[PDB]
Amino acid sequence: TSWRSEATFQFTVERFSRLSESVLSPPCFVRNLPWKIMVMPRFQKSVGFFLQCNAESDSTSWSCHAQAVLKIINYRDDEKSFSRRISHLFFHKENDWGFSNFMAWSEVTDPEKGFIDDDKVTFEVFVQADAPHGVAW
């Protein structure tokens, strides 16, 4: 159920080499809150990859601490997938967290590396969140 304390979800960015604006994945519910993958080009140059939480809510009283593993899937060999971990207290003023320079744009888009296929790159997040505060009183 959505009240689960953790989950793993993926989002495949298409026409990746042409990415020019920030993109958002559909939500994955954990602790009944919507979590989304956020991807964006940063400085071509680097791939920005962040985890977002409950960003559309108007509430300013919520907070949810969580740890997560952000990974870009290598479709040829999982062991070659690149990941980084985060630990963050998500709340309305800091509703997303990750790396603006998760990895080199030239590397991810390199056809010989195995991260991109048919100009698509799959992002994955394994999030483990604690019970939130200021949400379900």
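So that there is no doubt, residue numbering starts at 1 and follows the sequence shown.
Unmodelled stretch separating residue 43 from residue 44: 4 to 9 residues (count of deposited-sequence residues without coordinates). Taking the PDB entry as given, 77-85 carries the higher mean Cα B factor of the two stretches 77-85 and 49-57.
Relative to one another, 110-118 and 123-131 have unequal mean CA B-factors, and 110-118 is the one with the higher figure. Among the modelled residues of its chain, residue 36 has a C-alpha B-factor that falls in the lowest third, as given in the PDB entry.
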